[PDB]
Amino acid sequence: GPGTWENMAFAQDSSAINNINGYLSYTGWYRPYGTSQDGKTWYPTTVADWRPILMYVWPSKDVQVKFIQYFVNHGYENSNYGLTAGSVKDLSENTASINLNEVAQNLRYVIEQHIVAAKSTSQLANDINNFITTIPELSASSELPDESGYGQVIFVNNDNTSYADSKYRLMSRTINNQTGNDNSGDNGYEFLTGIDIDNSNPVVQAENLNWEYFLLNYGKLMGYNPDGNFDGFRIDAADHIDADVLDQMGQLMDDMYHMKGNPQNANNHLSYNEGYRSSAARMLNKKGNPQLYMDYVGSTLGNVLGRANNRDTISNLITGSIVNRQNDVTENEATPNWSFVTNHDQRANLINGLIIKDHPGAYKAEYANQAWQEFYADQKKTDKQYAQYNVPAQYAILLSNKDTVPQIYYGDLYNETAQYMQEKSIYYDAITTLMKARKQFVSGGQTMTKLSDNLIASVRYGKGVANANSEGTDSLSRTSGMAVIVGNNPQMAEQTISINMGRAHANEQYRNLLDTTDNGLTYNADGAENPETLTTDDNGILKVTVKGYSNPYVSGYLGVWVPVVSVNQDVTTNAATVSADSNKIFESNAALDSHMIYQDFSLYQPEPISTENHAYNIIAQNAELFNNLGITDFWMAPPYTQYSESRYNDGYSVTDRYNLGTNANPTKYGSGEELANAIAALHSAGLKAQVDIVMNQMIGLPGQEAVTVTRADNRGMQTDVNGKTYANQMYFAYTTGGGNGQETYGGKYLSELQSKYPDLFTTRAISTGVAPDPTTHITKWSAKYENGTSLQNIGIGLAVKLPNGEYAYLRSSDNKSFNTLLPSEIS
């Protein structure tokens, strides 16, 4: 017959009870055998009638009382069941168990009334979520965020979560701590954000090689445009992943394209690593430079020229880089690097900050339109507060700098929040003019001479001219080279300066390529203090008039002088097929200097309002434009499928590593078909394409897994957050996903890789002393292949523990470790 025995779960399996690897949650729901609204009549539940576990079971009698008090005070009161503000206000943990259970049961009758009345379990679900916030232990605050609202947990071994155990999880094995013999050193930390991937696990190291091979043959393998294949990689968070994968990538690329011997093969398959840690340059040089080091001159440029106040001296442009350019007259000595003006987190770190100013640390509703309108408005002004000063001047330095592959930002050529390449920025004309000038003029040795604290003269001596004294070996020697004068003081006094152009440029006329005026810059010398053409003296000295200007384009001075010519000229050095050093992959020389990278995306790039607006489609239309500007290499956005609730949909919140978009379901950039056509369009114009490869993290994995966690710092060592900490805690983290792409293409090309390139899976990795393992294919990511996750806003108190101290467990289909053990109220 009927009774309170029907609070029992219909059956004790996954069919009737919510569980994550057999373990119950207070957020979790279950199907009781029967429910009741009065206490007299009990109706046997159907498989449509589920109820939350927090109605029946609680962590402690304190929370049982607080659950009763909250619900009653939030419109679940009924004096016909002795439930009113007053009747439940005096109850505490010291109240009798036999008493509280009567009140909790009487409340459970009143909740069943609301479910019928409201005709759903939606307000109940809403009220449970709101109650959990009031209880500090069940709340999302229990996982201990730091003062900045950030943090991370590490996945550790445990008897309860033995499936999620790992022999590896070698954390912060980065740069020069690959061996783990300087954990406290200059290595770079493991955790950034999202679910951190364990790149120390040999199976994951094999999956990375599979993933690289897929991208290097994307067009052919997917049956799209067969020339739609990536030639290299932009390596995301290279300083925050086991450096074994940087070695293994270098091995694969050398095996496939034979780059070690031939600089031409090397340069045609360009790879560059995100991370400016000086230890990275040291590490890469020692290995023979498998990838290009990220230079920090972009930070120097923003400090010297970029700021409104507090501008660092002009001499920092000489020394504030991995390469010293006081008198750089040598080749194959400088660290092979890739530099820029606009840092890759710069726009984000400015726009974010402009939000928390407008709305002070308030809930993040998308008023980024406001922040961007403020940015665009500020950008046009002379007296800027937010946007960079001297943007043209910063690029003039970058594009004239020897021993670097310069990288242009899409957002500096175009308004990056407008539809892709619809609106040019005010700095388009300036930067594009300097870009074309680079291909024609910029070559030979470099000398950056300080004329004052605020003024500098960066001179290039032209192709086949080693230094100031050189005659000139090449036939373009005489009619190539450049002088880039940059003042960072807008109240600098009018004065005449002397610039040593070199012995090869004695009694030679020089065109006024670019000069400053009251309004901005002039390309025909109109408005400037210097005429269209000046001639050098007998010793090759140029007399230039300079003064301090203050306009939207220049806060100081900018002047560029190139030799007078009759013809189109191209000072690109062709790479040899026999290297000076056979130990090296990449060498900082005229051949590598001839290259120029282009970041083809912004984070704040908008969703396309049609197929024509797809970035891939527009890139394919303007392949020859990029070629005209002198762009050789194309850094393409991470083209992977994204977390639907990601802020930007930028590509770094990767949900499927092999799904690059379909005709019906494209990314923000477009479909895989369009990507392949975009890559082929660039290839057609003699350009190469590098893919943004995100081996560090994955974000938005929909499958939850019961994992054991410890609150750790961003290196993976346990940390104490304002006195509090926790280790060996149950955590229902989102660990499991990958999509059909990881399922379909997961370790599917390892057979082919092992047949053609056996050395890949025999070569012992430094961090493990063990080769990558291709015997297991990763078709679905889980905790076992992960170091940890950034705090997921869930809490550490959800795991249901019985009065005896043991976790509540179910012996489900796959869940079969220990014996079934449910709370008293659910059996």
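Throughout, we count residues from 1 along the sequence that is shown.
- Comparing 244-252 with 458-466, the higher mean C-alpha B-factor in the PDB entry belongs to 458-466.
- If you average the C-alpha B-factors over 631-639 and over 322-330, the higher value belongs to 322-330.
- Across the options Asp474, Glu190, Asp345, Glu624, the residue with the most elevated CA B-factor in the record is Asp474.
- Comparing the C-alpha B-factors of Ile53, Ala765, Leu791, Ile778 in the entry, the top value falls on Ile53.
- Per the PDB record, residue ranking by Cα B-factor puts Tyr43 in the highest third of the chain.
- Remark: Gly232 belongs to the lowest third of its chain, ranked by C-alpha B-factor as recorded.
- The entry lists a Cα temperature factor for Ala580 that places it in the highest third of the chain's modelled residues.
- In the PDB entry, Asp358 places in the highest third of its chain by CA B-factor.
- Annotation for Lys668: CA B-factor lies in the lowest third of the chain's modelled residues.
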